[PDB]
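**Student:** Residue numbers (PDB author numbering), protein chains in the order written: chain A, 102 to 151; chain A', 102 to 151. A prime marks a further copy of an entry chain. Quick reminder that beta carbons are idealized off the backbone N, C-alpha and C, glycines included. Before I ask anything, here is the structure I am working with.
Quick look at the structure:
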């Protein structure tokens, strides 16, 4: 019986936040336009999808 | 035992600021969208990466 986790996180130097930065600059630099969401909104969406 | 430096800088006519202008108009004119950072933010990022 398990709980899905993003890993431990205490600050922006966490691997989930560095991954949020990496995936947000991948997605934002592939989509023409001004986004309305930040990197943390995209990673929280990406965990809710999990 | 050395200290890495951007060169001497007293105003915007400095070579680090002219280089900031040059690299910022290279990066901004290759990326579709409205940036949120200025030229000085990009050059300070580019020195922190060094």
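Residue 129 of chain A': which of A':117, A':116, A':118 and A':143 sits nearest, CA to CA?
**Tutor:** Within the second chain, residue 129 of chain A' is the residue found at index 28, counting from 1. For the residues A':117, A':116, A':118 and A':143, the minimum Cα distance to residue 129 of chain A' belongs to A':143.
**Student:** Is DSSP giving residue 106 of chain A' helix, strand or coil here?
**Tutor:** Here residue 106 of chain A' refers to the residue found at position 5 when the second chain is read from its first residue. In the structure shown, residue 106 of chain A' sits in coil (DSSP, three-state: anything other than H, G, I, E or B).
**Student:** Residues of chain A' with a CB under 8 Å from the CB of residue 133 of chain A: which are they?
**Tutor:** The sequence position of residue 133 of chain A within the first chain is 32, counting from 1. Near residue 133 of chain A (Cβ distances below 8 Å), the residues of chain A' are 133 and 134.
**Student:** Between residue 125 of chain A and residue 140 of chain A, how many whole angstroms is the CB-CB distance? I'm expecting something under 8 Å.
**Tutor:** As a position in the first chain, residue 125 of chain A is number 24, starting the count at 1. As a position in the first chain, residue 140 of chain A is number 39, starting the count at 1. Confirmed, Cβ separation roughly 4 Å.
**Student:** For residue 146 of chain A, name the three-state secondary structure that DSSP assigns.
**Tutor:** On the first chain, residue 146 of chain A is found 45 positions in, with the first residue counted as 1. It is helical.
**Student:** For the alpha helix (DSSP H) containing residue 125 of chain A', name the first residue and the last one.
**Tutor:** Locating residue 125 of chain A' in the second chain gives position 24, counting from the first residue. Residues 116 to 129.
**Student:** Take the Cβ of residue 149 of chain A as the centre, count every other Cβ of all protein chains shown within 10 Å, and call the residue buried at 16 or more, exposed below.
**Tutor:** Numbered from its first residue, the first chain carries residue 149 of chain A at position 48. Answer is exposed; the Cβ neighbour count stays below 16.
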